[PDB]
Amino acid sequence: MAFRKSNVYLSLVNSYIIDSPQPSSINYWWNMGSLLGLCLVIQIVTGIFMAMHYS
Amino acid sequence: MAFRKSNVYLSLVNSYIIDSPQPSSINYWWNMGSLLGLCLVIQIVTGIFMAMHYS
Amino acid sequence: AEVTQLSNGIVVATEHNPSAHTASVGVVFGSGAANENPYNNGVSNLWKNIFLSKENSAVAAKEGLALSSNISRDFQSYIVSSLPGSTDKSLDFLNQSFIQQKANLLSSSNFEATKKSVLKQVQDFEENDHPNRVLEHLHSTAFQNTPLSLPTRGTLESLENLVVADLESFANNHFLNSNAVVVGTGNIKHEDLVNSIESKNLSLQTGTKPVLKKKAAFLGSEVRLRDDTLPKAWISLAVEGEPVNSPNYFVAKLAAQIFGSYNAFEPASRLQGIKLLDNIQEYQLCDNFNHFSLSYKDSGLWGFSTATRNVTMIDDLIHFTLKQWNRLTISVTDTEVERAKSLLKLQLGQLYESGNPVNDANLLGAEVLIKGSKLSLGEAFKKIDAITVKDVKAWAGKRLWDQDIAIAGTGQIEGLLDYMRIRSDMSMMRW
Amino acid sequence: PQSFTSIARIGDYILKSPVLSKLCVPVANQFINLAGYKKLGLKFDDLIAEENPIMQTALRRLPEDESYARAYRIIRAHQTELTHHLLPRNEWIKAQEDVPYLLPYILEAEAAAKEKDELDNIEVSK
Amino acid sequence: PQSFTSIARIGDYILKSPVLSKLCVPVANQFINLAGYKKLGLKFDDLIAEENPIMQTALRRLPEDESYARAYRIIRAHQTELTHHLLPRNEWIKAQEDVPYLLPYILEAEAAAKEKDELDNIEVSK
Amino acid sequence: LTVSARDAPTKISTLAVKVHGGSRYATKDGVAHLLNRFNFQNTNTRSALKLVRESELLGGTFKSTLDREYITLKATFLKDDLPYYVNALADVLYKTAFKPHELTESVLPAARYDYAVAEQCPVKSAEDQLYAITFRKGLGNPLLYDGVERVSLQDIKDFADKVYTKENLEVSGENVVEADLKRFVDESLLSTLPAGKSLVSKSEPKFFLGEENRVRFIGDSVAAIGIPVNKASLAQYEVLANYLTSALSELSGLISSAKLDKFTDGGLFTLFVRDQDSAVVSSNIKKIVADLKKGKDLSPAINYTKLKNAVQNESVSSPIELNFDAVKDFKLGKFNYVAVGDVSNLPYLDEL
Amino acid sequence: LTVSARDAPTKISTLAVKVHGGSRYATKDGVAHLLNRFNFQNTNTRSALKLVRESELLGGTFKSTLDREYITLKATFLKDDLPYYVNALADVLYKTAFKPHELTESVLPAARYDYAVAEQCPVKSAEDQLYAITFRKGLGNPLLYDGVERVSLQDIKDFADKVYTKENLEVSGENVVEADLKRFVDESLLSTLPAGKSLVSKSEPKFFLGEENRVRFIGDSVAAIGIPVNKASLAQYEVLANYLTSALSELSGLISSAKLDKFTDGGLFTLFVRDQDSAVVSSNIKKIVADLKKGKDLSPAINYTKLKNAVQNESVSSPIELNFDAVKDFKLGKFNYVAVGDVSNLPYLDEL
Ligand SMILES: CCCCCCCCCCC(=O)OC[C@H](COP(=O)(O)OC[C@H](O)COP(=O)(O)OC[C@@H](COC(=O)CC)OC(=O)CCC)OC(=O)CCCCCCCC
Ligand code: HEM
Ligand code: HEM
Ligand SMILES: COc1c(O)c(C)c(C/C=C(/C)CC/C=C(\C)CC/C=C(/C)CC/C=C(/C)CC/C=C(\C)CCC=C(C)C)c(O)c1OC
Ligand SMILES: COc1c(O)c(C)c(C/C=C(\C)CC/C=C(\C)CC/C=C(/C)CC/C=C(/C)CC/C=C(\C)CCC=C(C)C)c(O)c1OC
Ligand SMILES: CCCCCCCCCCCCCCCCCC(=O)O[C@H](COC(=O)CCCCCC)COP(=O)(O)OCCN
Ligand SMILES: CCCCCCCCCCCCCCCCCC(=O)O[C@H](COC(=O)CCCCCC)COP(=O)(O)OCCN
């Protein structure tokens, strides 16, 4: 089989990101969960760079 | 089947803590990995309670 | 081992073999299933069976004569076989019952009985012969809305509305001296066949067959015929290939021979020098496959067909096979080319030197109708031994690398992924 | 790791040579007695690591009667070791019983993997 | 959720009653036309949620010919909805075709689950 | 050791070694089928992988076949490479390895596949039964291995020593220079094989008439008859077979198959009726037997049989049955019968 | 409608309904086996679950059995609860539901299990074959359903209407007051069944002698013989069966089984020889037949047979074969034969 399916760590990426079966009819209202994950990355990264200068 | 095997979250506890097959002959040198996990909990908890008073 | 052609208004080809025990004589026409329309599709398959019906085969059996026929996309055949000292009787039967009189054959009773049997043949084919009906469906999605899409047996719906008038119309338009070749194989001399023909006069019709409005064109597409109750999945996949009378005719055949054919249950077939087999055998993703390179007058196809019981790992089978194809552009070795050279010679050396004169006649008549002449087997070998690695890489870079595909499948094909994830595997990204 | 084909090539050279065998064999015998795997009831071929394809192949080709005994020696040794005792001295493997019962199956599987693998990377003449 | 046994008990009471049926039926018909599931080519029993054991049982007991047609109506409706179109008006489900084809299989599986459950918690006399 | 060859101007050659080692000489049920699957495995001097790879680069392939009288080892190749394939077939007959892991991994799973494929065909089942009730322990032995009798590796190795003997062989070539084939054969290892003896019996076999067997089976139904044939009556039954399938016959549409199997000490005529409805099978087979018992003239099918016989005898040494001149007439005597399928609705022997 | 009962001072009662609806009356192969598995399923008035739960609290169970002549519906219960079980068996014969999901979920998987269990026993295979070659389409019909003939739900429902008819029934009770059983039966629903007719033939059956059959099988080997018996010769063969298994015989150690099956229009004597080595099976069966063809005196086994017959006829209406007085002598005439297993090493009929 393919490496993306055999490796312990990439197997989880493949099953969640690459080969995951999705219904054919989902609309753009199903895209908000992706955005909330980018939001959490924006806040954690911007906050750690400010904490270097905060008292 | 038992609830500890059917639930999404307890199934992981059962497979890692309860029903995990272990060799019959392992000695006390195989106990250090458990201690390193308690160590990390001691340091994170004690450190957060001090950070409340640190400048 | 040489063929001899003459012309009198009637083309006469012959491959004499003095050490054979039979002789075959027939007529080949240059019209097939790619010379009819969606309304009269199957009229040629019904012409074949009128030739092979009882009262015509009885009349031949009383004289010691056997009959045969074949329908393809570019040509049709009507052949008579006999013992070597009985060839003038073969020509007479072919004259009387076929070219001159046929009101005996197109009667009202013989036509209905023939139509009943042919409908049962086609209905049986569509319910039980899965590898062959998927390859016919491949032709119909690749060349849709074009003459090279129509099935050779006909379709059960178009075959029901045929009458004798459809047969007579098709005969007047295509069974013509300008569109015909008279053949002779086995223990038969060219001069004797020429002499026997001019003793008679032997002409069918004059000529002027119709020209075909549309030319064949390839289109990337897919057709899925899902049936969850069958125990396997059957799939075929191809790209556009080479026609007959192309400069890249033998290079495409060599490239198909590199990947070859496989049977999982035969021990010696598991030991072939094919690098794809190192990937499938560890989880056993298929039972068999075969690579083809098909060629017609206007276009061609290059690809493979497979059957498998492992319905949860279809995506690994298609993926690994298409990645091996990529290597023909990048990294094909010299050993893989020298192996395919000598196995291709053995392949077509067995096709052109079998012992059956019936197969000889079909091959000879089809080649002379296109090229006017037959290329000998000693000449074809020299073209194959002159191919290099550079010729293969140049051919593959033009015909395979990032090109559109056609796909057909039936059975348990839930695990066959969408078009664009298969199309993306035709290039690597890592070159 | 090192191949058993290479281990056997070096060993056979040492053994065929008279001077080297008189000099290297007594060292090897007392290396065996100091190791102490016989005192747990094991032959040496029980100790070879089995998580690789050449060694998985050799264990399938092994007869049934020799395979059942191997499983028992391995279970008995695990139990002897969790109790931190040794076996009775009348249950120790003797020297004449410590035979290479699995080596021929290993050398046969190795020679076939090398032949296959040379054939997949051949340089052809013209 | 509410049982189809209870849904049928309330409905039958409304329908047998003349005054209530003349008052509640026209509201129910135009509730059906405003919903718009026929315009995608679906009958109502296609819409019932199927992730529960009583409903999994009813779908096994369904004949093969009715089951193949249900699968096609559901695929056709998903494709109609991702394109954001409606079907042609000559392919809409008509009223006489919108029949409860699955209700008898549901009521039979529900009545058996209640009988089994009462028998597992019985109070016995002496 | 008998050698023979015919030349031609072609490109492809063919070489064959024939051994009287088929099922009718088998010590146990299925030992000739297994031996058939051992050849072209590893040799004492080279492996089965290297043989496939070397011959592919030269342009050639190998094949082995089994029937009730012969095991045939065949090679097909390009004309110039003759001495390579002579030496390869010789080593197969001389020094095959016969290792236990080959039996477990390759040979037995292949024999299992052959059997499982054949036992889904009811016509092939009817054919074994007719061979089993007509003849008993020679021609009637089973063809394929099914496991009802245990066959070990030493049993296979003892059978090979029995049948691979210099006086039991035939070497034949198509498009081969006979003077050069004889030279390469005498210098090969199959000139060193042990001289044993031939196993062909010049007795005739013993047969039985008036037998019957029924078998239950899910699928299509079959009804078949069988007649033994001696050497003098052989041309008569060949004409009958081709007559009954040709368009000269009124009942050729009711029959599925008819043939005559030829051996050097007789033959067996067989006829088959197959259909899915079991009332069709019964109505047909009763018409076939009622009409054949009354008589048929066969002289109209003499020249049609001469054609067919010449066609199927093309690449073959041809037991010469050149006596179709004196054939006229056939009337059905006594025969055997088998039924397969829905046997509760198929006829019995003494109501035919 | 015939009723009968015998009282006792015991605690447990037993009630049985017997119907001439066994395999010898079956329209298609296996329709009586399937009907046997439909009864005690859901009724129009109560479910199969409630029947099991209600009767458990009263102390009773139900059972249904099939043989070649009878379908028997049986109940076992505590003495006082008679009218409950009379009404329960009546509703089974009257208004069984016959729903399609019961066939798919319960009945067919159970019939599949019965068949798969039986086809692993070679003695039971030999017994069906002897019934199939001796008799053909009555007593020789198959017992269990195997699927070679497709049986639908309407076929089952039409068979039930054929055999569940008031003139085809027998009601019998053990430890039951006959005067009260008659009262409860006349007021039950089985007094409302349609009056059809009895299916017993008072003709004798037609039989055949001198037949043979061989079957290949992995496992143990069997050799069996069978003789048909008319009503007048019935006491003679009963003595023979018990003689050949008793210690009065020299060859009782070579036999595995021997019995006589009794019907109201004759019987079938059967004998079996079973072993794992196939040379043992052949050496024994040839000694059995050679010794029985010469003659045996049976008068020493008259009183031993009277004991055994009284033992097995304990709870039974007993076709009275009380004529062991006139039995002396038996000599083997003609018979049928079957072989199962390694049939390449088992004897043939005309060498016994
Ligand atoms: C920093 C603090 C961290 C806390 C824990 C550290 C523990 C690490 C010690 C190293 C180790 O884990 O291996 C110890 C090893 C013995 O392991 P073994 O399984 O082979 O023998 C099981 C025993 O026989 C049965 O012991 P049993 O289970 O029967 O009784 C328990 C024993 C408690 O012993 C322990 O806690 C082990 C740490 O009860 C008593 O001792 C009674 C006296 C009050 O002993 C040796 O092989 C050599 C030991 C000397 C070298 C130690 C130097 C380390 C720097
Ligand atoms: C879910 C993630 C977070 C949320 C929703 C959040 C929210 C906020 C908000 C609402 C403020 C006040 C904004 C204002 O100035 O008006 C704030 C301030 C602040 N946050 Fe966070 N925060 C998040 C994560 C973090 C993390 C991980 C850190 C440190 C590593 C951090 C560090 C700070 C600091 C230093 C300030 C000081 C005031 C400023 O710089 O604006 N934040 N945060
Ligand atoms: C792997 C976990 C950690 C390790 C190994 C570690 C290590 C240390 C060490 C060696 C010191 C200096 C000790 C000294 O005073 O001599 C220190 C100081 C300190 N650490 Fe951590 N630390 C860990 C986690 C944390 C976390 C998670 C926090 C905050 C939430 C924290 C907060 C502090 C603070 C406030 C000090 C100030 C000096 C003191 O209070 O001793 N530590 N740490
Ligand atoms: C329907 O199916 C879906 C699906 O549709 C989608 C969109 C996703 C993808 C969507 C997600 C929401 C998953 C994404 C994951 C998260 C949101 C968790 C993020 C967790 C964190 C711990 C984020 C922290 C990020 C860091 C970069 C921390 C490190 C900080 C650094 C490097 C800055 C400080 C460093 C220096 C040197 C100053 C799915 O996983 C999925 O499942 C099958
Ligand atoms: C071999 O089998 C084993 C095994 O042997 C062992 C030992 C373990 C056990 C565990 C480990 C080896 C390590 C795993 C440990 C972690 C991932 C540690 C995470 C650590 C933390 C410290 C999380 C802390 C989070 C908090 C919210 C606490 C911090 C602060 C608080 C509560 C202050 C706030 C309070 C108030 C009142 C405001 C296994 O899991 C295991 O399975 C494989
Ligand atoms: C949910 C929270 C935690 C779980 C996180 C899961 C998702 C994380 C995504 C990780 C990205 C991929 C990481 C590396 C993938 C390749 C690993 C590999 O090749 O395995 C090893 C190399 O070993 C390593 O060095 C691991 C380094 C880990 C790097 C830490 C980030 C070789 O590959 P291996 O043979 O083991 O794979 C088996 C398939 N045949
Ligand atoms: C996140 C770190 C990465 C590693 C994974 C972490 C896994 C460790 C988790 C530790 C165990 C937590 C105990 C869960 C208790 C059982 C949950 C349960 O009852 O499931 C649900 C109810 O749970 C809830 O409503 C919310 C639970 C929130 C828990 C937040 C801690 C019961 O529902 P159900 O019976 O269907 O079981 C699920 C079957 N898949």
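Residues numbered from 1 in each chain as written, not as in the entry; some residues may be left out. Chains lettered and ligands numbered in written order. Part of a larger assembly, values for the part shown. Heavy atoms only, no water.

cryo-EM is the method the PDB entry lists for this structure, together with a resolution of 2.42 Å.

## Some details on the site of ligand 2
As a matter of local geometry, ligand 2 sits amid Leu-40, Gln-43, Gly-47, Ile-48 and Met-50 of chain A. Of the residues belonging to the shell around ligand 2, the class tally is three nonpolar, two polar and no charged. (Near = heavy atom within 4 Å. Nonpolar A, V, L, I, M, F, W, Y, C, P; charged D, E, K, R; others polar.)

## A few points about the site of ligand 4
All names here are of chain A. With respect to spatial proximity, the complete set of residues near ligand 4 consists of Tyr-16, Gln-22, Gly-33, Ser-34, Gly-37, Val-45, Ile-48, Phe-49 and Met-52. Looking at which element gives the most residues to the shell around ligand 4, the answer is helix α3 (residues 32-51), with six residues. Here the shell around ligand 4 is built from residues that sort into five nonpolar, four polar and no charged. (Helix = DSSP H or I, 4+ residues; strand = E, 2+ residues; numbered from the N terminus.)

## As for the interface of chain F and chain C
At the junction of the two partners, chain F supplies 35 residues and chain C supplies 36 residues. Summed over both sides, the interface of chain F with chain C buries roughly 2900 Å², with 65% coming from carbon and sulfur. Three residues stand out in chain F for area buried against chain C, namely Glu-56, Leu-307 and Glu-314 of chain F, and they jointly supply 20% of the buried area on that side. Summed over the shared surface of chain F and chain C, the number is two salt bridges. Residue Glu-266 of chain C pairs with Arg-37 of chain F through a salt bridge whose shortest N-O separation is 3.2 Å. There are nine residue pairs in polar contact connecting chain F and chain C. Of all the secondary-structure elements, those providing two or more residues to the side of chain F that touches chain C are α2 (48-58), β3 (60-66), β4 (71-78), α4 (100-118) and α10 (302-312) of chain F. Grouping the amino acids of the side of chain F that touches chain C by side-chain chemistry returns 17 nonpolar, nine polar and nine charged. (Contact = heavy atoms within 4.5 Å. Buried area = accessible area lost by both parts, 1.4 Å probe. Salt bridge = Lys/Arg side-chain N within 4 Å of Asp/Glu carboxyl O. Polar contact = N/O pair within 3.5 Å; in protein donor to acceptor, adjacent residues only side chain to side chain.)

## So, the arrangement of the chains
Contacts are most numerous between chains C and F, taken over all nine pairs of chains that touch. One finds no contact linking chain B with chain C; the least C-alpha distance across the pair is 24 Å. Separated in space, chain D and chain E share no contact, their closest pair of C-alpha atoms being 44 Å apart.

## Concerning helix α9 (residues 278-292) of chain F
Residue and element names in this part refer to chain F. Helix length check: α9, at 15 residues, gives a terminal C-alpha distance of 22 Å against a target of 21 Å (1.5 Å per residue), a fit within 8%. Buried residues of α9: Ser-278, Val-281, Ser-282, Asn-284, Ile-285, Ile-288, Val-289 and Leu-292, and no others. On its buried face, α9 sits against β7 (221-229), α8 (234-245), β9 (266-275), β10 (296-297) and β11 (329-330). The residue sitting at the N-terminus of α9 and contributing the capping side-chain oxygen is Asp-277; that oxygen lies 2.6 Å from the backbone nitrogen of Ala-279. (Expected span 1.5 Å × (residues − 1). Buried < 20%, exposed > 50% of the residue type's maximum accessible area, 1.4 Å probe, protein only.)

## As for the nonpolar core
With 51 residues, the main nonpolar core has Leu-35 and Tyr-164 of chain F as its most contacted residues. One finds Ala-90, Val-163, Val-171 and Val-176 of chain G within the second-largest nonpolar core, a separate group that totals 48 residues. (Core = buried A, V, L, I, M, F, W, Y, C linked by side-chain atoms within 4.5 Å.)

## Remarks on the side chain of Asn-45 of chain C
All names here are of chain C. The residue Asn-45 is located in helix α1 (residues 43-51) in this model. Under the relative-accessibility criterion, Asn-45 is labelled buried at 9%. At 3.3 Å, the side chain of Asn-45 forms a polar contact with the backbone oxygen of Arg-153. Excluding residues within four positions of it along the chain, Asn-45 makes contact with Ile-71, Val-118, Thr-152 and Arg-153.

## A word on the domain arrangement of chain F
Residues and elements named next belong to chain F. Structurally, chain F comprises domain 1 (1-211) and domain 2 (218-352). Facing the 25 residues of domain 1 at the interface are 26 residues of domain 2. Taken together, the connections running from domain 1 to domain 2 amount to two salt bridges. Between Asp-265 and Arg-24 there is a salt bridge whose closest N-O contact spans 3.2 Å. Inspection of the region where domain 1 meets domain 2 yields nine residue pairs in polar contact. Looking at the side of domain 1 that touches domain 2, the element that brings in the most residues is helix α5 (residues 122-134), giving ten residues. Its residues assigned to classes, the side of domain 1 that touches domain 2 shows twelve nonpolar, six polar and seven charged. (Domains from an automatic or database assignment.)

## So, the environment of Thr-57 of chain E
Residue and element names in this part refer to chain E. Secondary-structure assignment places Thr-57 in helix α3 (residues 53-60). Among the residues examined, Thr-57 registers a relative accessible area of 17% and is labelled buried. Remark: the alpha-carbon pair of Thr-57 and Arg-76, spanning 19 residues in sequence, is separated by 25 Å.

## Thoughts on a nonpolar patch on the surface
A cluster of nonpolar side chains, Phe-3, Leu-10, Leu-12, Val-13, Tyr-16, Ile-17 and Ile-18 of chain A, forms an exposed patch at the surface whose accessible area comes to about 770 Å². With respect to the helices and strands, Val-13 of chain A occurs in helix α2 (residues 10-18). (Patch = residues over 30% accessible without salt bridge, like charges linked within 9 Å, V, L, I, M, F, W, Y side chains within 5 Å. Areas by Shrake-Rupley, 256 points an atom, 1.4 Å probe, with all protein chains shown as cover.)

## Some thoughts on the pairing of strand β12 (residues 336-341) of chain G
Across a regular strand the side chains alternate sides, sitting on one face of the sheet and then on the other. All names here are of chain G. In terms of burial, β12 is largely enclosed, as six of its six residues are buried. Pairing analysis gives five bridges linking strand β7 (residues 221-229) to β12, with the strands arranged antiparallel. For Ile-225, the partnering residue across the bridge sits in β12 and is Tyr-337. (Pairing = 2+ DSSP bridges.)

## A short note on the environment of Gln-56 of chain D
Residues and elements named next belong to chain D. One can find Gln-56 in helix α3 (residues 53-60). Separated by 53 residues in the primary sequence, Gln-56 and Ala-109 have C-alpha atoms spaced 9.9 Å apart. A distance of 3.0 Å separates a polar atom in the side chain of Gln-56 from the backbone oxygen of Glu-50.

## Describing the packing of α1 of chain C against helix α4 (residues 108-128) of chain C
Residue and element names in this part refer to chain C. Packing of α1 against α4 leaves a shortest axis separation of 10 Å and a crossing angle of 120°. Taken together, the axes of α1 and α4 lie oblique to each other. Our pair here, α1 against α4, has a crossing hand that is right-handed. Counting all contacts with α1, which are made through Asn-45, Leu-46, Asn-49 and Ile-50, the residues of α4 involved are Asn-110, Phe-111, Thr-114, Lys-115, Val-118 and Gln-121. Grouping the constituent residues of the contact of α1 with α4 by class yields four nonpolar, five polar and one charged. (Axes fitted to C-alpha atoms, helices over the stretch in contact; angles between N-to-C directions. Parallel < 35°, antiparallel > 145°, perpendicular 65-115°, else oblique. Left-handed = near helix turned anticlockwise from the far one by under 90°.)

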